[PDB]
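Pasting the sequence and an experimental structure:
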Amino acid sequence: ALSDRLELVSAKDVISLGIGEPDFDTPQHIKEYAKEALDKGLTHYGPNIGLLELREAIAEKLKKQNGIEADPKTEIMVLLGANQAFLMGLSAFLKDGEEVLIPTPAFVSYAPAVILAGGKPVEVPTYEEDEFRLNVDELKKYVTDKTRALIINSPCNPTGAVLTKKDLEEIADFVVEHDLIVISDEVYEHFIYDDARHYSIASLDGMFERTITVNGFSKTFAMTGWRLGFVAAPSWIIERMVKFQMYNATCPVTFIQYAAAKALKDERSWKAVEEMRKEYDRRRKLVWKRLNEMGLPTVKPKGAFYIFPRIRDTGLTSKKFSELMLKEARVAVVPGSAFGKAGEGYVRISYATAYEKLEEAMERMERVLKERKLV
Amino acid sequence: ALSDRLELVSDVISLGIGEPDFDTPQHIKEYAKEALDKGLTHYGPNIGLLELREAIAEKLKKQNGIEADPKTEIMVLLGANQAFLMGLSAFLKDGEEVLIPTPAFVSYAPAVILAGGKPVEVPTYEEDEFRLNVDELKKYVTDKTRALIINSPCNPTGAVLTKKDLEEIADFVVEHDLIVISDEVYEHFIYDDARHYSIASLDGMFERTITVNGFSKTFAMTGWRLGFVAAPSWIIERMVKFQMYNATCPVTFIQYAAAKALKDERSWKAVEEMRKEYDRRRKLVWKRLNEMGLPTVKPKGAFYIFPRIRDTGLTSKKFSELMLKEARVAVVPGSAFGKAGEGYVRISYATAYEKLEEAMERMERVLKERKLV
Ligand SMILES: *Cc1c(COP(=O)(O)O)cnc(C)c1O
Ligand SMILES: *Cc1c(COP(=O)(O)O)cnc(C)c1O
């Protein structure tokens, strides 16, 4: 019964570097469209699948930016945050013993959503030497004939890695050969740096039929507290997820759907996303310099707004290194072990905080690294 | 495993609408705009904002006599509808039974199937003004029964359980060591001699009770998706664990507007105005339905009325099929709310007075015309 699956799941001056959301505020003009919606009286229930005009704007964005062709009436569904998608998506198909492969270090909702859907998560390590990009040769070590799905997250949280098109082509070969469904969490697609490119696995030939691509407004617009996300997937999966929603949150907030549908079509939205991306890029270069500078070897992340320094050479546990940085440096970083077994030996730092707080946090980490001769 | 249980599930004047026709009171809309300007745009606690939980805790104390701790026993949800799946998922085990009074709201049985149990319908009867009767509950309990869901004022019937009904069902609940889920979203829309009481306020009941309520029906906020439950700590702790892998948290600036609205005089004023208008409409449709030849119990709460249709010789489904194309009015077959709903139709009077009168004339013209009386 679900209560059974739920008990198998667990878990003054101080700079928090543990944040997993934009420090920016929602762009003013998106605030303004939600005020207009309230005044227009968009107060009542909407369809379980989302407002058709939001789904249509989302079909346009997916085709033009991601190369995905999805039908608005049938294949895309609006959600209360992209987070709902893991449990509801996996529940449209996962049966009782089935395994889902999760590349690790991974976002924290993946494995519990698998356990709640009734399956068994199987962690597949990614490695520092590979700049944490998934390798299909690790996938092979873990396939069984109970494997039904793979979850991919690019750009990745906690790592900041982004899969290249060739990476995705190989993954696409493995998935088709093993007849898996891929769930692709793309919420960080627009925060990509240097010469990285965001490719969607559902745009490759023959792949839409087998992937659930999840995305949302939370990170690319700074709308985490607005609870609006979406999936584009085959209609037999969408059908099952809206039936689930009927008995869960019924439908998204309908005036926020209006604000967001207009926002996708507004030039100033995209302009604000580049503002934010240029500023996250500036902060990234600082924490990458400074962390390598103080002795913690760190891969330059190509996407999202997280960086993942190697702390294992200080001789500590990622949990003990988190304690020591909080007690003595008063900076909060999250243990890499919280992102799966392959995260032990690292710590997640979010640079979604003001440049200046990051500078100061970096000096404070330095001093107790030197002071406590951990180097 | 949840996939198998999903598999087990599921010129007209529409009278089938289950939501307020009113728009949200303007002052609540402005509190929302203000939260937006104040930047209340980021993630909040999974259990919901503490300001909102403290506000809900004084409302529950004052209006309902339920004492609950804002820190551990109140949780904000994305509509009250989340409470049934998530609340049942805190304790229900495989194949345990949940008693469901019928005619009932459509979420309850699918919510117990998704959670892993089996719904057992318990009939309510028009002779009893559709108030759940304990003798009927005695016939259906088993050693597999773990919970009971009650809904007062009730959708689809409009029935509201008496303080003595509650006292007797409370008895039954303790005797059978069940937990009760109490759906109280229509609490402010009660009429005539009716009074709303909360089963968690009685004698030792808080510990055995999940009470769900929200802002959708009382403040005309159905599209805002804000509801709440007050329940013991161990139920709340498991429901916010579930929310972390579900919708994460309600929308922050909506929560602030709801908090400021519980405290505003104009909110409670808005509610008497909507209650006064629904009562006017209710008198109209109860009168018109009986005199038109359809024996109808005068509902005492919510905004729904449930006329007897079976003496026309039609089934609930055939009668609404007839009314949709002959009268152009949409009513919903009683059989959609359980099998004790057969022979009846739910009409909602959450539409304008004028359209209700019109709708009533259209139904009366086709009743007399196909000699259905
Ligand atoms: C923030 C985030 C999400 C959740 O999106 P919400 O819309 O806020 O529910 C999903 N995936 C990752 C990897 C994220 O970091
Ligand atoms: C409308 C209604 C609800 C509340 O659903 P929301 O999710 O809050 O919109 C719950 N129960 C009943 C009986 C209802 O009629």
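Alright, I've got the coordinates. Residues are numbered from 1 along each chain as shown, chains lettered A, B, ... in the order given. Ligands and ions are numbered 1, 2, ... in the order given.

what sits opposite the closest residue to residue A:319 other than its chain neighbours in the beta ladder?
Closest residue to residue A:319 apart from its sequence neighbours, by Cβ to Cβ, 6 or more residues apart in numbering or on different chains: residue A:335 at 4.8 Å. Heads up, the C-betas are built off the backbone N, CA and C, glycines and all. Beta-bridge pairing for residue A:335 (DSSP bridges): residue A:347.

I'd guessed residue A:335 sits against residue A:322; true?
Yes. Applying Cβ atoms under 8 Å, one finds residue A:335 in contact with residue A:322, separated by 4.9 Å.

Comparing the two, which residue is more hemmed in?
Ranked by neighbour count (other Cβ atoms under 10 Å in any protein chain shown), residue A:335 and residue A:322 place residue A:322 first, with 23 against 20.

after the one helix or strand that one maps to comes which helix or strand?
Per DSSP states H and E, residue A:322 falls inside helix A:318-324. Remark: after helix A:318-324, the chain's next helix or strand is strand A:331-332, criterion DSSP H and E.

what sits up against that next one?
For strand A:331-332, the external contacting residues (Cβ atoms under 8 Å, 6 or more residues apart in numbering or on different chains) are A:14, A:15, A:16, A:17, A:18, A:322, A:325, A:326, A:361, A:364, A:365.

which of those count as buried?
Among the contacts of strand A:331-332, those classed as buried by neighbour count (16 or more other Cβ atoms under 10 Å in any protein chain shown) are A:15, A:17, A:18, A:322, A:325, A:361, A:364, A:365.

Provide a list of residues in contact with the first one.
Contacts for residue A:15 were tallied using Cβ under 8 Å, 6+ apart; they are A:330, A:331, A:332, A:353, A:357, A:358, A:360, A:361, A:364.

Try it again at 6 Å.
Residues in contact with residue A:15 (Cβ atoms under 6 Å, 6 or more residues apart in numbering or on different chains) are A:331, A:357, A:361.

what's the nearest residue to it if we skip its chain neighbours?
Leaving out its chain neighbours, the residue that sits closest to residue A:15 by Cβ to Cβ, 6+ apart is residue A:361, at 4.0 Å.

mind listing what the one you found touches?
Taking Cβ under 6 Å, 6+ apart, we find residue A:361 in contact with A:15, A:17, A:331.

for it, helix, strand, or coil?
Three-state call for residue A:361 (DSSP: H, G, I helix; E, B strand; the rest coil): helix.

Now the contacts of residue A:15 in TSV, please, with extra columns for distance to ligand 2.
Putting the contacts of residue A:15 into TSV (distance: Cβ to the nearest ligand atom, whole Å) gives the following:
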residue	distance to ligand 2
A:331	41
A:357	39
A:361	42
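
Burial check on the residue in the stretch 1-150 of chain A that ligand 1 sits nearest to, number of neighbours?
Of all residues in the stretch 1-150 of chain A, residue A:81 sits closest to ligand 1, at 2.7 Å by Cβ to the nearest ligand atom. For residue A:81, the neighbour count with other Cβ under 10 Å is 27.

what about the closest residue to residue A:333 other than its chain neighbours, distance to residue A:18?
In this structure, residue A:333 finds its nearest non-sequential neighbour in residue A:347, 4.6 Å apart by Cβ to Cβ, 6+ apart. Computed as Cβ to Cβ, to the nearest Å, the residue A:347 to residue A:18 distance reads 9 Å.

sorry, back to before: quick one: residues contacting the residue nearest to residue A:319.
Neighbours of residue A:335 in contact, by Cβ under 6 Å, 6+ apart: A:318, A:319, A:322.

ok, which of those also contact ligand 1?
Counting by Cβ under 6 Å from any ligand atom, nothing from the contacts of residue A:335 sits close to ligand 1.

Report all helices and strands that the helix or strand containing residue A:137 contacts.
Under DSSP H and E, the secondary-structure element containing residue A:137 is helix A:136-142. The contact analysis (3 or more Cβ pairs under 6 Å, 6 or more residues apart in numbering or on different chains; DSSP states H and E) places helix A:136-142 against strand A:120-125, helix A:165-178.

and of the buried ones among the contacts of strand A:331-332, the nearest to residue A:175?
residue A:18 (32.9 Å; Cβ to Cβ).

Let me see the domain layout of chain A.
Domain ranges of chain A: A:1-43+A:267-368, A:44-266, per curated CATH domains.

Is the last one in proximity to ligand 2?
So the one you mean is domain A:44-266. Yes. Counting by Cβ under 6 Å from any ligand atom, contacts between domain A:44-266 and ligand 2 involve residue A:250.

For the stretch 201-350 of chain A, what lies in contact range of chain B?
Residues of the stretch 201-350 of chain A lying close to chain B (Cβ under 6 Å from any Cβ of the partner chain) are A:224, A:225, A:226, A:227, A:240, A:243, A:247, A:248, A:249, A:250, A:253, A:254.

which ones are touching residue A:119?
A:94, A:98, A:100.

residues from the stretch 1-150 of chain A in reach of chain B?
Within the stretch 1-150 of chain A, the positions adjacent to chain B are A:1-3, A:6, A:21, A:25-26, A:31, A:35, A:38, A:41, A:43-45, A:80-81, A:83-84, A:87, A:91, A:93-94, A:96, A:109, A:112-113, A:116-118 by Cβ under 6 Å from any Cβ.

Now a PyMOL select for only the buried ones of these.
Restricted to buried positions by 16+ other Cβ under 10 Å, the PyMOL selection for the residues of the stretch 1-150 of chain A next to chain B reads:
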select buried, chain A and resi 1+2+3+6+21+25+26+31+35+38+43+44+45+80+81+83+84+87+91+93+94+109+112+113+116+117+118
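
Identify the spatial nearest neighbour of the residue in the stretch 201-350 of chain A positioned nearest to chain B, chain neighbours not counted.
Nearest residue of the stretch 201-350 of chain A to chain B: residue A:225, at 3.5 Å (Cβ to the nearest Cβ). Leaving aside its chain neighbours, residue A:225 sits nearest to residue B:252 (3.5 Å; criterion: Cβ to Cβ, 6+ apart).
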